[PDB]
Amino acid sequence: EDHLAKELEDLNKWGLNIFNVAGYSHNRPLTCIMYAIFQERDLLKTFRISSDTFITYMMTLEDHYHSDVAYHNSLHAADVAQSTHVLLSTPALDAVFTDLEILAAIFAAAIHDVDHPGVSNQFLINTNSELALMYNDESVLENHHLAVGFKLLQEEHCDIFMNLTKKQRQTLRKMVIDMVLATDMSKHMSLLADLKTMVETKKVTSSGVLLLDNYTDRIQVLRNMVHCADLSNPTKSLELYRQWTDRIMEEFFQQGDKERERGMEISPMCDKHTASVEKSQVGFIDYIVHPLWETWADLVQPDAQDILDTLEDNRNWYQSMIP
């Protein structure tokens, strides 16, 4: 209904409530937001993407995100897609990226977890799943998400990049593959390290806008932008954050149950009989989220200062929730 329209006024804002748009769009947050983002950024016009075609692709793609998986469903793709769209508008990165690179980043966030089964890369590897076998144990899930996302474009009624040149399609394919592969947690510590080297030698301009040399520097900041967007839950308002926690602990605990049935060794954060939902977030923020966002904030200061404050407040609420 028109309640949806009210919520899409916050499209360019960090405050968007993606759960709300899910509720007013026949449970299709990803389609919705992607359409809203491409209209807002004039991407359909710039790349001559038929409107009809874009909807069908997005619906098909959203259909491959398993609705019966607690966290890694279409809601999350929509959320990362929207956050990426906001982080892309940050003052420090103004006019830094071409419209092909902007298209690549959002498109990447939208397919970045498509067909997620609800278990980790590690689980699939230790159970010899067809997927681990297929991908030789290296970034199993992410390689797959990319495989599905691009398999869906091998059709006339679904190929949105039909009016991109040979070079434009390849130049985007290359960037998208890189962004989604960077969302693999095992690559997190090395990613944060290369982001720290970027900040060390950061060169802005007179207007406080970063000067990026070539592809190597632009794709590096995009990889980290999508990665931050993936780890953005604890920077959102407390109401939205606690709900995400509930959803990721649901998915994790079901993987813990699945592991217990098969007789494997049950991980600590996946065990519903000893894990503290509250200590899980404190630690998640101290060693993973804050170090990353503290570095990103340094890269674009003071644009991400409001987020950094929200993250400490969110962290402290979770800390006081523990006795």
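Numbers follow the displayed sequence, beginning with 1. Note that the rigid core is defined as the largest set of C-alphas that superpose within 1.5 Å between two forms.
Annotation: of the segments 25 to 33 and 270 to 278, 270 to 278 departs further from this form in 8 other deposited structures of this protein (C-alpha atoms, root mean square over structures and residues, core superposition). Remark: when the other structures in 8 other deposited structures of this protein are fitted onto this one via the rigid core, 205 to 213 deviates more than the alternative among 190 to 198 and 205 to 213, judged by RMS CA distance.
According to the PDB record, 186 to 194 carries the higher mean C-alpha B-factor of the two stretches 186 to 194 and 114 to 122. Taking the mean C-alpha B-factor of each stretch as recorded, 289 to 297 and 258 to 266 are not equal, and the higher mean is that of 258 to 266. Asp94: CA B factor in the middle third of modelled residues in this chain (values from the PDB entry). Sort the chain's modelled residues by C-alpha temperature factor and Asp79 lands in the lowest third, per the entry. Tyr215: CA B factor lies in the highest third for its chain, per the PDB record. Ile33: CA B factor in the highest third of modelled residues in this chain (values from the PDB entry).
When the CA B factors of the chain's modelled residues are split into thirds, the value for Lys272 lands in the middle one.
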